[PDB]
Amino acid sequence: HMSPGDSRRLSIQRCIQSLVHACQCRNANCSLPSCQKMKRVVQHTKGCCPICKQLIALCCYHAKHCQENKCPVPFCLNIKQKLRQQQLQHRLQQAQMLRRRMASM
Amino acid sequence: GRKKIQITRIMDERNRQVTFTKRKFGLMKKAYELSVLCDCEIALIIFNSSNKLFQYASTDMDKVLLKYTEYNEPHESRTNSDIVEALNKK
Amino acid sequence: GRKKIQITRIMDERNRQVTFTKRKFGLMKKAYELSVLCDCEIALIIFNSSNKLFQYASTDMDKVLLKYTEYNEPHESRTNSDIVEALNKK
Amino acid sequence: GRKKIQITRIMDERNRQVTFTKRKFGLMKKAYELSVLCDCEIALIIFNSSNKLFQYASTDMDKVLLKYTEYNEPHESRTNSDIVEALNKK
Amino acid sequence: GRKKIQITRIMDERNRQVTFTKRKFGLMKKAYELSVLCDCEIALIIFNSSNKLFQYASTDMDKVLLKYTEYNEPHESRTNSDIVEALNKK
Amino acid sequence: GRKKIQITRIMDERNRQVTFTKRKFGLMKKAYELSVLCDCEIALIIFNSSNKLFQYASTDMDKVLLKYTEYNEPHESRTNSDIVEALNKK
Amino acid sequence: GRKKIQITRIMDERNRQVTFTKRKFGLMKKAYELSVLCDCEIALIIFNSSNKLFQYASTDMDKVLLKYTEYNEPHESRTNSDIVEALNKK
DNA sequence: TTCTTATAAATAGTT
DNA sequence: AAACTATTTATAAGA
DNA sequence: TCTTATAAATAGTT
DNA sequence: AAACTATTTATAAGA
DNA sequence: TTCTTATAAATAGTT
DNA sequence: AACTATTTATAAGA
Ligand SMILES: [Zn+2]
Ligand SMILES: [Zn+2]
Ligand SMILES: [Zn+2]
């Protein structure tokens, strides 16, 4: 009965949950249905197979809010850095814009 | 209580609020005792009329929600309408 | 009850199950009443000692779960220790 | 083409499959050319009659969708209704 | 056109916007014809060089995005780099 | 210097200031020489303990910083911790 | 060095590249020392002749540049010509 | 089937 | 955006 | 499982 | 804001 | 703030 | 890279 919008957000939220668990799970005999497949994907730290792009997709959704300076979620720390970089870039383009508005007058 | 009440929304703002806090603790007490007595995992999530969140868990909330998400067997699931009829047949 | 019971894990598996079933039903009835009397949204998730799921939600479960994952402010979070403390003070 | 076709559902199954494969490729080519020519980020999602998924993204589908979900400002949105009318004006 | 153009970024801003407005309509028109002619659901999302958003969808956008997210099957997925090769190998 | 010093915070306020100004110029001089000798672009940003800003760049600062934000490949990124380890091996 | 050099571009590629790596390390070393001795935050960005990125920051690079974008008071801003002048005076 | 062609549709260049 | 064309491109059919 | 004596929660009010 | 207590409700032990 | 210079640190050209 | 002879930087005191 929920809107397709809410329902997509819920689905992404659940995938995230699943990924953050498989990232911190040391129990080799875990009984969580998705754990094994997910730990296999995570183990794609081989650098390079199951596209790492799918995984970074989820991490991105996650990274929007993972706050601990030490997330174990693949790429989280890296994505958080790129988000700051992007925010700096906007600031630089703005200032640059203003100097030229001032210059052209 | 001094008087028997009907299970119907409480109209008086002050009554509703005071009753809410009291019964909420009562529900958490019962969940606490159930978790210990019977060794189970319990998550309880409550949004009030003004949409404030209150939560109780007998273990890590996120682990309980993830086990629930992947639970892949038929199980009992009750809603308000379900419970009404269940008591109507007594 | 015909006697006071202490709040300790019931060792006897048959008795554990019998107690579970009565108290599970009692918990959902209380939750139902809370949601109606005080016009709030409640989800209750319970896994018993053999990991069977029992769930209650006043309205739809997915709806309450979405709103919960979205909540991003302070809210009371209680655990068994938290409930024990509150009980002792009295 | 050898002849002009009307824009209405192709009722002959085989003819409809042939057209679809061809135009799908053309639609993706056109998307590719626009993103290179005009330095933009494009995502195209296609579900055919038999309900199969076909997709293009200039670089990454999920990066565009992510940027889509966070965008919060009035923007051109067009449906078959909007497009028909613009085509009739001409 | 009066002259064949190469598929490489248009560097002049005025010219890039001229070609963009023109080709974006062409793209949305091809998408519409594809959806009607062949009975498919199509969603198209475009961010231009200055990150303004334009979108088309034969139906509700949110419905299409949901169907995409929940599709768990291998499927054709093209990228600018992909489409480059396919075109070069001729 | 007349005496070797260890790389640990200078505690005398006056001395620390004299040192900042002298070593800051020496840093900028080395950066200038590197930029000319090896045809590279350098931007250096320094905030002192009072949060006053000092800066040097071999070309327009804003251009170097924008070029940094636009960079998207792994690359040498040292921090105070990193450089410590490096010297300890040597 | 075995011999004094003029600060002019090194034309021999091997020598230029060896000199770059060496002096880049030396500059990072001095930046490190300045930030520890005098308790300041420093960002250092270097692009070599082939536009490859090398960087050092005492703490998080992006946080220092962010703080840089918020500065709004006149301050020391040096270029190659200012440094040449300061060198000549002495 | 894949692979032509004749044509309809798109678009570059320019107002 | 909306006119023109002149060319090029896409594509319905024919081969 | 359905009862029953007995414990616990609680409505109204102080 | 918690306290009292007359009632109503839940439930333990036992059929 | 400079200056002086004894001494430490960096580094050009060599292996 | 690894090594030095030599140049450059700079710590301490005036
Ligand atoms: Zn696990
Ligand atoms: Zn991979
Ligand atoms: Zn994380």
Side-chain angles (χ1 to χ4, degrees), chain B residues 1-6 10 12 15 18-19 21-23 25-27 29-30 33 37 90, chain C residues 1-6 10 15 18-19 21-23 25-27 29-30 33 37 89-90, chain D residues 1-5 7 10 14-15 18-19 21-27 29-30 33-34 37 86 89-90, chain E residues 1-6 10 15 17-27 29-30 33 37, chain F residues 1-5 7 10 12 14-15 17-19 21-23 25-27 29-30 33-34 37 90, chain G residues 1-5 10 12 14-15 18-19 21-23 25-27 29-30 33 37 90:
Chain B
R2 295 303 182 90
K3 188 173 287 72
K4 174 169 179 170
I5 71 175
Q6 303 302 294
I10 298 170
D12 176 53
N15 202 349
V18 167
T19 296
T21 303
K22 183 196 293 173
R23 285 196 175 246
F25 186 74
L27 183 71
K29 189 174 178 195
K30 290 294 196 182
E33 300 180 350
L37 278 168
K90 285 198 304 298
Chain C
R2 299 296 194 93
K3 178 176 275 61
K4 162 149 176 174
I5 68 177
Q6 294 309 295
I10 307 173
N15 196 260
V18 173
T19 296
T21 296
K22 283 176 228 178
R23 286 181 168 252
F25 171 82
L27 189 55
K29 183 180 189 185
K30 286 293 197 199
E33 290 183 344
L37 289 171
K89 265 74 170 303
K90 306 173 194 180
Chain D
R2 295 302 193 109
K3 190 194 274 75
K4 175 180 190 156
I5 60 169
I7 306 307
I10 302 184
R14 161 181 317 280
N15 213 314
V18 166
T19 281
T21 300
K22 219 178 295 192
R23 296 194 172 235
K24 173 166 63 75
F25 177 93
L27 180 71
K29 180 163 173 193
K30 288 296 203 186
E33 297 187 333
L34 175 57
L37 285 166
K89 303 178 180 193
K90 301 179 177 190
Chain E
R2 300 310 177 99
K3 190 174 288 63
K4 158 162 188 176
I5 61 174
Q6 296 294 299
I10 299 163
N15 200 309
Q17 186 61 27
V18 161
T19 294
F20 175 82
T21 306
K22 222 178 285 186
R23 267 169 183 266
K24 173 170 61 61
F25 189 84
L27 190 57
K29 178 180 158 161
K30 286 289 166 162
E33 304 184 349
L37 284 173
Chain F
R2 291 309 180 89
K3 182 176 285 73
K4 177 166 168 178
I5 64 177
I7 305 307
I10 301 187
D12 178 39
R14 163 190 310 282
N15 190 1
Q17 177 57 53
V18 175
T19 295
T21 304
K22 176 198 303 173
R23 285 184 172 249
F25 183 71
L27 191 56
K29 171 170 173 188
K30 289 302 202 174
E33 300 179 343
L34 182 51
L37 290 163
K90 306 206 318 307
Chain G
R2 295 308 185 86
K3 197 165 264 53
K4 182 182 180 168
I5 56 172
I10 306 190
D12 179 73
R14 186 187 299 291
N15 202 341
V18 170
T19 294
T21 299
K22 202 194 297 169
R23 279 185 176 251
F25 184 84
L27 186 58
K29 179 166 176 178
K30 291 287 203 189
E33 294 185 359
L37 292 170
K90 41 189 80 183

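Because only heavy atoms are used, hydrogens play no part in the values below, and waters and symmetry mates are left out as well, while side chains stay in. Chain naming here is simple, since letters A, B, ... match the order of the sequence lines and numbering starts at 1 in each.
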Write down the atom of D:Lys30, the atom of E:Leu27, and the distance for their closest heavy-atom approach.
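Answer, listing the atom of D:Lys30 first, then E:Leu27: CB-CD1, 3.7 Å.
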Closest approach to the side chain of D:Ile5, judged atom by atom: which nucleotide of M:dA11, I:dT9, I:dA13 is it?
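Minimum distance to the D:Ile5 side chain belongs to I:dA13.
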Please determine, for the side chain of E:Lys22, which listed nucleotide (L:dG13, I:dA10, H:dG13) has the closest atom?
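For the E:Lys22 side chain, the nearest candidate turns out to be H:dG13.
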Provide, to the nearest angstrom, the distance between the [atom1] atom belonging to [X] and the [atom2] atom belonging to [N].
{"X": "B:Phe25", "N": "K:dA1", "atom1": "CZ", "atom2": "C1'", "answer": "15 Å"}
{"X": "C:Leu27", "N": "J:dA9", "atom1": "CG", "atom2": "P", "answer": "12 Å"}
{"X": "D:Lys3", "N": "H:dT5", "atom1": "NZ", "atom2": "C1'", "answer": "14 Å"}
{"X": "E:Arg23", "N": "H:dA10", "atom1": "CZ", "atom2": "P", "answer": "12 Å"}
{"X": "F:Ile7", "N": "M:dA9", "atom1": "CD1", "atom2": "P", "answer": "16 Å"}
{"X": "D:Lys90", "N": "H:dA8", "atom1": "NZ", "atom2": "P", "answer": "19 Å"}
{"X": "D:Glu33", "N": "H:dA10", "atom1": "CD", "atom2": "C1'", "answer": "11 Å"}
{"X": "F:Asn15", "N": "L:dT2", "atom1": "CG", "atom2": "P", "answer": "16 Å"}

Under a 3.5 Å cut-off for both distances, is H:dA10 Watson-Crick or wobble paired, and to whom?
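Here H:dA10 is engaged in a pair, and the nucleotide opposite it is I:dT7.
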When you look at H:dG13 and M:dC3 together, do they satisfy the Watson-Crick or wobble criterion (both atom distances under 3.5 Å)?
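Donor-acceptor distances not both below 3.5 Å, so no.
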Do I:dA15 and H:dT2 make a Watson-Crick or G-U wobble pair, both distances under 3.5 Å?
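Pair flag for I:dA15 and H:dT2 is true.
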Base of H:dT14, side chain of E:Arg2 - is there a donor-acceptor contact under 3.5 Å?
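Such a pair does not exist between side chain and base.
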Quick one: OG1 on C:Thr19 to CD1 on C:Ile5, what's the gap to the nearest 0.5 Å?
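Reported value, rounded in 0.5 Å steps: 6.0 Å.
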Contact nearer the 5' end of DNA chain I, comparing E:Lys4 with E:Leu37:
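Its nucleotide being nearer the 5' end, the pick is E:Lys4.
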For E:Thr21 and for E:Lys30, find the nucleotide of DNA chain I with the closest heavy atom, then tell me which residue's nucleotide is more 5'.
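Residue closer to the 5' terminus by nearest nucleotide: E:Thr21.
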North or south sugar at L:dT1, going by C1'-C2'-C3'-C4' (positive north, negative south)?
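Negative torsion, so south.
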Mark yes when over 12 heavy atoms from residues, nucleotides or ligands other than C:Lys89 sit less than 6.0 Å from its NZ; otherwise mark no.
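Open: at most 12 neighbouring heavy atoms sit under 6.0 Å from NZ of C:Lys89.
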Please state whether the phosphate of L:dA9, meaning OP1 or OP2, lies under 4.0 angstrom from any side-chain nitrogen or oxygen of G:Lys29.
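Answer is no, no contact under 4.0 Å.
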